[PDB]
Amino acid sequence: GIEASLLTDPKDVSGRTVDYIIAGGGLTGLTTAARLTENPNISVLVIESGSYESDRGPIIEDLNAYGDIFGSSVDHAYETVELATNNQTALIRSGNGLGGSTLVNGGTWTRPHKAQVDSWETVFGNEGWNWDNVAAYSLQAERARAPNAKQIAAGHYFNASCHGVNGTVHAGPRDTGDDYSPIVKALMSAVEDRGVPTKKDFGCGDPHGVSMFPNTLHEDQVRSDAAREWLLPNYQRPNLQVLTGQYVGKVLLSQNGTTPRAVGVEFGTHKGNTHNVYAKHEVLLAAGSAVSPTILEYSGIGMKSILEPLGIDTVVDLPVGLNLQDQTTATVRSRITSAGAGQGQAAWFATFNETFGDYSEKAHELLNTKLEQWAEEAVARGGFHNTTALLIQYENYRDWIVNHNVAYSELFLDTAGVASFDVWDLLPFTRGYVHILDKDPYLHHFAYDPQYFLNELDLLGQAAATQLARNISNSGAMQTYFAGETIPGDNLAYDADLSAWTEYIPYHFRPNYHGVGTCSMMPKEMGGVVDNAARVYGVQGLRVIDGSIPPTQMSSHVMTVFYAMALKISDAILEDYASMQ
C-alpha cells in the first residue's frame, strides 16, 4: 500500500542526490511531482511536513464534514500578528499532510473571469499566461461528470464545452442522496427579479449571477484531494520518492560562480536535528504562500533590511514576502421552515454595482480618486515597496471593475437545515506581508500580516456585500422560507445601515484562507520575485511554484487555476531539463 512506500526516516534520504527536490507535498507540489516523473529518467524527492491522510475516514473523505479537522495535527493553524483592525490575532487554516490544503477545503470548483487571467500577460508582462493558455491546461487537468436529471432539476447547469472529461481531477455534483433544497431555486428567482443572471456555468470564463457548481469528489462522493488524484495512482514509480514528517528549513546555495546556484535543501524538525539532500537540477518550493517566502528569507534571499538584523547574510536582495493578498469572510445565517429542508450549495458572483446597489455612485467616486493615496498608505505600512508599481495593480483592478464588470464579491450559500451565507469581497486593495523574525527555520517564528480592512474600500465592500446577503435572504421567493435571522441576529439590528455594518464587520470576520502573492510572478522592475517560468530572479536552479506566485486575486475558487498553473510550470521545467544535458 501507499503508506508502506512513504519514507519516514531522515537517514534514508540524507546525503543522496536526486534530479529535483520539491519542498511541500500539497496541491502544486504533488501535481508537479507526478508530471515530472512521467519521464522515467527523472528522479524526484518530495519533502512534506505532514503525512498520508487521504484514507483516514469521513473527517477527510466527506466534504460535508468540512471544518471538523481544524485545530488538529492536519491543520497548520498559522497565527497572524495582532491585527490593527481589531487588536486580535487570527488563525490561518492550512492543510498539513500529503495533498496540503486540498485535504481540508470545501471542494468548490469554479474558474475566474477571462479578463483577470489575460491581464497577467498584458499588464504584468508574463508572456504566455493568458486565459486561452491557462484555460487549456485547466481543461487538461479536469475530469468532470455532467449532472443527472435530479441534479439538473435542483438547479445545476453544465456546459460541456467548458469542462475537460479526460483529465486527472475527478469533479462532479455533490450529492448526499437526500432531496435538494428548494431554497436554491428560490434564491435564483429572487435575483432574477432584480435582473441578475442565473445558471451560467462558472467554469466558462464569466462567473456572474447565481449558480450551483461541481465539487472535487468522486462519484461515490469521496474527496478528490491532490494525494488521491496525483500520488495514489503513481506511487509505485521508482523515480518518485516521498519523505514525510520533516520540514524543509532552507535552500543550500553555492556562491562560487557569477550567479548563486541552488544545490539542495536542509530539512529537519529542530535546530539540533537537521539533514541535507542535494539536487542535480533544481529545487522547487511548494510549501504554500505563508511558507515558501520564509524559506527564501531563511536562505538569504529577501530584503537586506529584514535579514541583516537577524544575522543572515543577504545573497540576493528581492522583495520576498510583500504583496500578500487574502480576503475577508463574514456570515449571515437564517432559520428556515421545514418546507426548505434538503441539501445544496449555490453562490452569487456579484458585480461591483450589484454589491453596492444605490451606493454605487459613491463607491465609484472612491475608486476613481483615491488610488494613489491608497498606494502610498499601503507602502508606508510595509505591504509593498514601490508606490508606482502598486498603483499599476490598482489601475488594473479599476479596469476589471469599470470596463470588464467582473464579479467583486461572492455570496456562498449553504442549506442542509438553514440558509447560511459566507460572504467575501473577492478583490481586496489592502496589501500585507510575511517575514521571518528569527534565523532558525525550525522555530517557526514569523510575522504574517494580511492587513485586513486597512484599506477603506475593502471595509465598505465587505459590509455592503454582507448587508446584501441579509437583504436577499428575505426577498422575493426567499420570504417563503425565511424563519428569522440567527447571525448576526441580536448582535446587529435587522435594519442596520451601511455605516453600522462597517462598525460590526471588523469584530465578526475570519480570513478566507486564500492568500496569494508573497513571491509574485511579475517583472523585477514591478516588484516581482519570479519570472514567467517561476524562476527566482538572480538565482540558478530555484523555482517557486505554489500559491505564492499569482500576482493578483481572482473572481473564483483557486483550485482550477492552481492545478493548471502547476501543469504549465512543469512543462517549462521539462524543456529546461532537455536544455541542460
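Throughout, we count residues from 1 along the sequence that is shown. Here, rigid core means the biggest group of C-alpha atoms that superpose within 1.5 Å across both forms.
K.L.:
May I ask which stretch, 349-357 or 250-258, sits farther from the shown form in 4 other deposited structures of this protein once every structure is superposed on the core, judging by RMS CA distance?
P.N.:
Farther from the shown form on average in 4 other deposited structures of this protein: 250-258.
K.L.:
Comparing against the shown form in 4 other deposited structures of this protein, which stretch has the larger RMS C-alpha deviation after a rigid core superposition, 449-457 or 272-280?
P.N.:
Between 449-457 and 272-280, greater C-alpha deviation in 4 other deposited structures of this protein belongs to 272-280.
K.L.:
Read off the CA B-factors in the entry, average them over 515-523 and over 538-546, and name the higher stretch.
P.N.:
Averaging CA B-factors over each stretch, the winner is 538-546.
K.L.:
Out of 390-398 and 269-277, which stretch has the higher average CA B-factor listed in the record?
P.N.:
Per the PDB entry, the higher value belongs to 269-277.
K.L.:
Quick one: which of 372, 425, 297, 178 has the biggest Cα B-factor according to the entry?
P.N.:
Among 372, 425, 297, 178, the highest C-alpha B-factor in the entry belongs to 178.
K.L.:
From 308, 377, 458, 82, which pick has the Cα B-factor that tops the rest in the entry?
P.N.:
The record points to 308.
K.L.:
Hey, what third does residue 230 fall into on Cα B-factor, ranked over its chain?
P.N.:
For residue 230, the deposited C-alpha B-factor lands in the middle third.
K.L.:
Among the chain's modelled residues, which third holds the C-alpha B-factor of residue 150?
P.N.:
Its C-alpha B-factor, which the entry lists for residue 150, ranks in the highest third among residues of this chain.
K.L.:
With respect to C-alpha B-factor, does residue 354 fall in the lowest, middle or highest third of the chain as deposited?
P.N.:
Its C-alpha B-factor, which the entry lists for residue 354, ranks in the middle third among residues of this chain.
K.L.:
Where does residue 237 sit by CA temperature factor within its chain: lowest, middle or highest third?
P.N.:
Its C-alpha B-factor belongs to the highest third of this chain's values.
K.L.:
Using the temperature factors of the C-alpha atoms in this entry, rank residue 559 within its chain: lowest, middle or highest third.
P.N.:
Ranked within chain, residue 559 CA B lands in the lowest tercile.
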